[PDB]
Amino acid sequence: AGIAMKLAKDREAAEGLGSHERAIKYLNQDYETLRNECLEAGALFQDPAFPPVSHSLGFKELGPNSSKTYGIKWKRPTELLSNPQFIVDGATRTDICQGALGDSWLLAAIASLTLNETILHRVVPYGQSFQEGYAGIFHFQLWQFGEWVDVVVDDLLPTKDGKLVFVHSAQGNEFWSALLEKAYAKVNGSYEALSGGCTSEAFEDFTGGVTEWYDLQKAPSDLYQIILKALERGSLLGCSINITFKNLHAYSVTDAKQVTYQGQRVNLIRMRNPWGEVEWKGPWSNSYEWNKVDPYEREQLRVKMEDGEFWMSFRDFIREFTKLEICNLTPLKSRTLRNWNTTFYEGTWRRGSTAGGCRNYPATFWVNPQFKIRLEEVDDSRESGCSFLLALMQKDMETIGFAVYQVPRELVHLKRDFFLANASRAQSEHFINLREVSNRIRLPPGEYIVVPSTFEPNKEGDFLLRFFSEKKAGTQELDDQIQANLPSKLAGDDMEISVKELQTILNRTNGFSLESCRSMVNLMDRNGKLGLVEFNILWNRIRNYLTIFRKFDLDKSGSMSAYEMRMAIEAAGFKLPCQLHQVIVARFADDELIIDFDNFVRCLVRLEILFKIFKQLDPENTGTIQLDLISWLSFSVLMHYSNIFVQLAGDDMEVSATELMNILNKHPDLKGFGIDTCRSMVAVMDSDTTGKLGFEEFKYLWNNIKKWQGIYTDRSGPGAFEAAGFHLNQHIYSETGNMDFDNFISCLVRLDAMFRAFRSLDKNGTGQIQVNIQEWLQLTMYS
């Protein structure tokens, strides 16, 4: 909880988890184990997570009451098929068929899956039956925002009259698809969840590929050579007509062919209806044809297929409105045609740091992250190649789009200067209000920079940008290296000595505060007391800093836009990656995305103390550093959807330090609580880097305060610690014996936090964790 249950997915992830080879366990349920726990108990499985109740079916228009949805009676296939087939292929046609109270679109992804065998069990694994090893549980595998997930589900099915009122087989009763959708309907939420899907989306979710598209009649004068070049890579191309020729869902192009016919060109293209009927009144129209002058040679080359021949010519434009292609990731891995080189990058946009907006907001456009593309060899005339597809998905979503500029010669992190100064070469055609926006793009050989984002700023988001090219292309993140430069009336209570309370001396306006205080007190040296001789080395530290905040504070405001911290930080000496800039502002910045001299220096001071550690705990400079539990413990001390009940003004989550100091801090029994505190609790239990806390993560924190609350005073203002969870061995530390609720409760929150951090990281109970500057910066900063 925090960045640490977010540092682990990274380490895992970059180690397979998330791959088709290694899916993720949706809801932490497992098919084999479920299956056996059924097997060894006499029970058919019942899906706890996606219960066959009534909400699963939706929420309005199709969940509760809605006659639409009435009288549904959930049943299993084995409960209506003397001997069910889950799947039994080698099939040619497909008898598939929409929902009878289902929406057709999806039909078409599902059907276009059974033409390729290898693709289909990639989403539908072998091993399953309604006989051999039954039990009442099937699993599937789906692409979701770039990670592959193993989804299970139970064979129950939404029904009426004993007939399935969703997707299904028409004569031939098989049921694989009939459960694919269940599972699909499941990882979204409900079956309305999928009302107004989108075919393309489907497809990418049953393959982990990208879907490019064109307006056929509107087509690029290069459509035929894209059609080709995709086909020679096993891409999934299908074609659609949106409301003699075709008076009549799918049809896909499976092939493509240049024949000589009367001493000219002619380009044919070979289509196919997965549901088998040709119906196309002819073999090459009535017109231009098959058997007619057209030498078998340059005509055997045609005939090679079935259930959906058609061999239509490229005025396959006048018949057919669009054409979506799903180009595959290298793994049909088999020296089947050509490859498709690939690379993906997971990214985010946060308020007041990386969420810049587009170019047309030059004040920010430059804080969006960056990603460099390097195009070397050119395509196999538009002059010289070096082409690629660029696709940018967002994990009532936001308008997104992108644009791509060309590197000056730098073979880091382009500042604002760069973009008010150079021109955009390539960009997405429009910005849009929908999942993933992509375009094909052709550019000379060069090093280009690529900048994704939303249209307006301050819209927070996660995205996956992707690159697929016909020829090898280097790709990487474009960001900065963790950089840090330098690798009197003391009113003493006796001699040398000045404890903290320095918040006296270092004071219109507010100043310092015991936490800045204490951190500056800490840089000092490792009692708690400073003195008058090295409160010199310090003084200037401040005034220097002070000479900074002013540079961005013209308007003597106090304040300072988060957006610009990045450059301040760097004035001061530190150069950190966008991720680190994103932690800075989620912890110190305010709700207007401002930062004042206090929250200013602190973070500047902090960072100063953390390098200094990482610089000590590592002599032989090897990049990493060493923490067993016992150090860690210190060093880590210096107008829709009810879902799931809060009180939250119709805004789903959104608890901020602000909201978190408006509730807690609210009677006799001695309950103050403060922004600072509040702030820091929020970090630690946030693992999103948004500055806020979710329903679950507020739930987990709340049940402790509420349990910690009686925790043990003799109706006044004790290791109530072990008493609570934490049994401690050695120490304790910071009037007489105090600790008050404000401290006690907030103490119990960081000890709990950092203890969980520990485990997460040190998953094999090895007993010591270990991390580079980066994962170490993340953790101590953010808190």
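We number the residues from 1 along the sequence you see.
The modelled chain breaks between residue 638 and residue 639, where 10 or more residues of the deposited sequence lack coordinates.
According to the entry, the deposited sequence runs straight from residue 318 to residue 319 with no unmodelled residues in between. Comparing 41-49 with 735-743, the higher mean C-alpha B-factor in the PDB entry belongs to 735-743. In this entry, 513-521 has the higher mean Cα B-factor, the comparison being between 226-234 and 513-521. Of the residues listed, 665, 680, 561, 267, the entry assigns the biggest Cα temperature factor to 665. In this entry, the residue among 388, 251, 349, 702 with the greatest C-alpha B factor is 702.
Per-chain ranking of the deposited C-alpha B factor places residue 755 in the lowest third. Looking at the C-alpha B-factors along this chain, the one for residue 306 belongs to the middle third. Residue 29: CA B factor in the lowest third of modelled residues in this chain (values from the PDB entry).
Per-chain ranking of the deposited C-alpha B factor places residue 384 in the highest third.
In this PDB entry, the Cα temperature factor of residue 294 sits in the middle third of its chain's modelled residues.
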